[PDB]
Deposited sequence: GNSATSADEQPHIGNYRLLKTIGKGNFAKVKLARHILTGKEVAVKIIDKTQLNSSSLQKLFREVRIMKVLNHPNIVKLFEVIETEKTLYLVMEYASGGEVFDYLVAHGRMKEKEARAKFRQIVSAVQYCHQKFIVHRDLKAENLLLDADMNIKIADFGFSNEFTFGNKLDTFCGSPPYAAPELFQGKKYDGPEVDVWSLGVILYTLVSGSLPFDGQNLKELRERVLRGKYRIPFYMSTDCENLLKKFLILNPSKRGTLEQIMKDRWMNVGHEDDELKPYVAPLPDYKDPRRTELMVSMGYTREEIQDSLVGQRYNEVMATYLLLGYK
């Protein structure tokens, strides 16, 4: 099967809203994931969420966040063509391998905090961070996807408080660190009442093998009072974050300047029948149309 410039290759995920296909971009030979969504089956708040996610995916350009290449819209169906993360979930990788040693946890968690802090720079709060969101590419770099949830919920959820700011992401990141280094959850329960009591007390077991550096970092995430949690920019300076990185302290990600006029890709594209003007207009306009997709995909 063909849609746009994509040969669909195999189903890699199937829910009730969406199918995900592995595809090949015909013009470049590039492998992509295509989320196919039947809009006719979606209710109003699911449509709200889909349009918000599309808006967020267009804006995020970070090496540890699933890149968008194209949005194709029909009346009935929406297709989101995005970066394929072929290494599975961090979740599956923990169940399969055991806890990560702190040095490996740190390599992944530096990428995670960088990605999330970059979202916050842009006033985007994820709000639903969890194990399933953390994918791996072929080199086991983190790719956060998608814009098992109760274990990650900040205490304000069960207090009936507002559940709004970046500080909610800061609490979930503490839960992710804990699960990376221990392979289990800090707050668990046989049911929700059990889970809630634990989250609200804020106390977790310290595994015997955990370093004091790592336990001191968890204490900067897992703060019960929302307005007392530090920013990710402040937490990037933590000692554990930077063990083995004396030369490069973790800092807020700065994205490269736009390069929209690359003569190599533009020449290839004029050959395909695109005009220089529409290549420029599409890129400046961040249109995510076929012309923009082809330019981005030629960049691999």
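Missing CA stretches, deposited numbering from 1, N-terminus first
Those stretches are 1-10, 158-173, 327, listed in order.
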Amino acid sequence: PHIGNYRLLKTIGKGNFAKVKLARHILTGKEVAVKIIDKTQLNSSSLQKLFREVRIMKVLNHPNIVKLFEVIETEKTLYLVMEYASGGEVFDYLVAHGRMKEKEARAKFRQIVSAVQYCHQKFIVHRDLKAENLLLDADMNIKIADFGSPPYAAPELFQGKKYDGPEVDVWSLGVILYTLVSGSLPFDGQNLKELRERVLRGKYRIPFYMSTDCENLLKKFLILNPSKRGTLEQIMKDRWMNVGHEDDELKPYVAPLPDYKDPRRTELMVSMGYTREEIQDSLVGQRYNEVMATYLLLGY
From here on, numbers count along this sequence of modelled residues.
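Determine, for stretches 154-162 and 91-99, which one has the higher mean CA B-factor as deposited.
On average, C-alpha B-factors are higher across 91-99.
Taking the recorded C-alpha temperature factors, which stretch has the higher mean, 103-111 or 127-135?
Between 127-135 and 103-111, it is 127-135 that shows the higher mean C-alpha B-factor.
Compare the C-alpha B factor of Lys219 with those of the other modelled residues in its chain, then answer lowest, middle or highest third.
Within its chain, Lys219 is a middle-third residue by C-alpha B-factor, going by the deposited values.
Record-listed C-alpha B factor of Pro252: chain third:
Its C-alpha B-factor belongs to the lowest third of this chain's values.
For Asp146, the third of its chain into which the C-alpha B factor falls
For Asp146, whose C-alpha B-factor we compare with every modelled residue in the chain, the answer is the highest third.
Using only modelled residues of the chain, where does the Cα B factor of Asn64 rank: lowest third, middle third or highest third?
Lowest third of the chain for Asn64's C-alpha B-factor.
Per the entry's values, where does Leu27 land by CA temperature factor relative to the rest of its chain, in the lowest, middle or highest third?
Tercile = highest for this residue's CA B-factor.
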